[PDB]
């Protein structure tokens, strides 16, 4: 429901983006070419003109799965078997060149590149595709490792998972929900900056709360970390309301903030929630998703040079469609930045 208004606006922005670009739709690689949930989601995704899907796998292995489920319009969609691809040898040498001083010999560089996750990441890095969506079948750290060492982070960026909580008026952004165990104050500032750019993309004023178990205490440990993170972010972005350390209800509820901490620079409630450690971010978004009545979409991987998202291992068919939509949007956004 609230997804459906939010995702439909996102789907429209993908269409506005393809149009005024000749009608080019982003090429997205799916390493799990035989995944039932990926293929069923792709039925929706070509119907809706979101992307050209490129599936990885043994072609007949893939096609006979499609006809078993008989979802018709994946009729002609691209299928690539990594080690049969003409660029396989060039991909192997590039991964070897990247990793030969990280304990990776030519044979394992060959074995890694035959794995669809590495092949997909190299395809995106080398411009054979605009994005990838992986991790339907494997755990997050394994799915994200090929992405970080092949595609990597942009300058001063930090890889950080991000989730949207979709409310009646507003949405909230939560980060970092998937990658960093215990980010420093500097890293928390960088995660907040990345989260704010995403909020701005939707034409919304980002209002950033650095979360703690404390309200404006600044005591040793995380209160001080989250207080310092707010300060660093404010110096790197003096136009944004950024505040901390504060408790979560203090952060989201504007009447709580005004009544208890009127000196605070964050008014109107936070829509960006930065967490102090992975336990808190990862448990929070999952508890909201399971017991709250709010739809949470994501996680989405911020901080990487090209568009690449890891599906949470628990996702539904609706999740995958949402994730591809935002992978397409990100690929289009990255493709316009790259020219100017």
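Positions refer to the first chain, counted from 1.
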item: Per the entry, higher mean C-alpha B factor between 30-38 and 269-277; value: 30-38
item: 184-192 or 89-97, whichever carries the higher mean Cα B-factor; value: 89-97
item: Most elevated Cα B-factor in the entry, residues 282, 309, 312, 290; value: 312
item: Residue with highest C-alpha B-factor in the PDB entry, from 242, 248, 122, 106; value: 106
item: Residue 12 by Cα B-factor - lowest, middle or highest third of the modelled chain; value: middle
item: Modelled-residue ranking by C-alpha temperature factor, third containing residue 126; value: middle
item: Residue 221 - Cα temperature factor, lowest/middle/highest third of chain; value: lowest
item: Among modelled residues of the same chain, the CA temperature factor third for residue 214; value: lowest
item: Ranked C-alpha temperature factor of residue 197 among modelled chain residues, by third; value: middle
